[PDB]
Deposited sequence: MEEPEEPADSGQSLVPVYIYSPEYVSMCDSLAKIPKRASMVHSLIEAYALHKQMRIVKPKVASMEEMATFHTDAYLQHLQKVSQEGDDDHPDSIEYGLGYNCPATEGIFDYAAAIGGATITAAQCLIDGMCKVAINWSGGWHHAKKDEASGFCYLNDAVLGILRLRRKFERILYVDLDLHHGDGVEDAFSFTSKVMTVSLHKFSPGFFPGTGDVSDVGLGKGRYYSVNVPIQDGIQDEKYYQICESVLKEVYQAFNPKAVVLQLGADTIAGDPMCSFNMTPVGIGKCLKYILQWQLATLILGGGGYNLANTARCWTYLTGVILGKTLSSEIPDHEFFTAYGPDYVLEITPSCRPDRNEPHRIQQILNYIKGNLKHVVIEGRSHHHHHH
């Protein structure tokens, strides 16, 4: 009954090697640990994903190519965004197996919530890398949950549209994907408008909520709670995979949304309250200190605790200036979401869900 935490020194050290988020893994860990939150969690060492576990989603041509490259390259999306970095195959296997490992505990009753903050790589296609994602651990995690669960719900709270995971299940009704991302022409990955609902046997089993800059905690929680309520109704899931990219939080260099760890928490609370199994994943988050602040605070609402406002002294204390507090103050930027558009969106979504059995 104690939340599982996927950690291991070798793992975190492996993740700190990710180009875009250097040392972000350590920062998140050490901050969560400096709050002694790991004392109230079942620490589980992550297992490396095997070539056959990754093959449950990715093609051999892709996986083998990714492997040879790990030692004509821009063939499988391995270009500007996803470079042919030496050792990526090993980094992705570690992160992928870290989610497979967390998924297994959920289908073992060993816990009702497993956490893998270093995961959440939602852009990767079965045979294509995208948006710094070489392997789609979110899909590998959901496919593992399918061993014991019939209806799995995937909620993507990342600033970006979880296309990789949506594409994976766009033709199926066994897994429903919900994504609240910023949608605007020329913004990555450019998909996910509200009209996007899935194909074939999976029509309407894909929900997309396009948002605009500036949105804040309450405006966001209303939209999220609203959509998550209608969804639990029609789909009535058995397990839940939650992607919590912190690139929505105020202060991120992404400078799009204007959330705080508490806005997301209200959403997290609302989902945890369904008492269904739950696989927590990180994702984007480009303001290192803030990301540790957000996920630590969230590892706090997962344990019903209320963390200390003053940031405990630790390994990376200095990176928490100039105030050294766990709270994030929203930026003074205008919300660009006209309330009428949010309604048209919510209705269109509402009428898209009636079609569910």
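- In this entry, the deposited residues absent from the coordinate set span 1-13, 85-91, 378-388.
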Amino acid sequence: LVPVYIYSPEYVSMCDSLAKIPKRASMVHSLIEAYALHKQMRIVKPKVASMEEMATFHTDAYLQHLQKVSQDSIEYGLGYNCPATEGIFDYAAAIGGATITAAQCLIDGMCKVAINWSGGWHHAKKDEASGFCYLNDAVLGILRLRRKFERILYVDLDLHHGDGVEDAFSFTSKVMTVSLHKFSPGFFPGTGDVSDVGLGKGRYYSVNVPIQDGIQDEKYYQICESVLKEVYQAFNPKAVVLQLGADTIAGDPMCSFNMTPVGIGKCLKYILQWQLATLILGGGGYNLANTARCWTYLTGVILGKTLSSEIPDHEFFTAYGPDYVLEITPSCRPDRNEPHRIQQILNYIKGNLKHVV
From here on, numbers count along this sequence of modelled residues.
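- On average the C-alpha atoms of 226-234 have higher B-factors than those of the other stretch, with 150-158 and 226-234 being the two compared.
- Looking at 193-201 and 279-287 together, the entry lists the larger mean B-factor for 193-201, computed on C-alpha atoms.
- Of all the options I211, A246, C105, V139, the entry's greatest CA B-factor is assigned to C105.
- Among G186, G109, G120, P261, the highest C-alpha B-factor recorded in the PDB entry belongs to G109.
- When the CA B factors of the chain's modelled residues are split into thirds, the value for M27 lands in the lowest one.
- Looking at the C-alpha B-factors along this chain, the one for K39 belongs to the highest third.
- In the deposited entry, the Cα temperature factor of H65 places it in the highest third of its chain's modelled residues.
- Per-chain ranking of the deposited C-alpha B factor places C294 in the lowest third.
- In the deposited entry, the Cα temperature factor of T85 sits in the top third of values across the chain's modelled residues.
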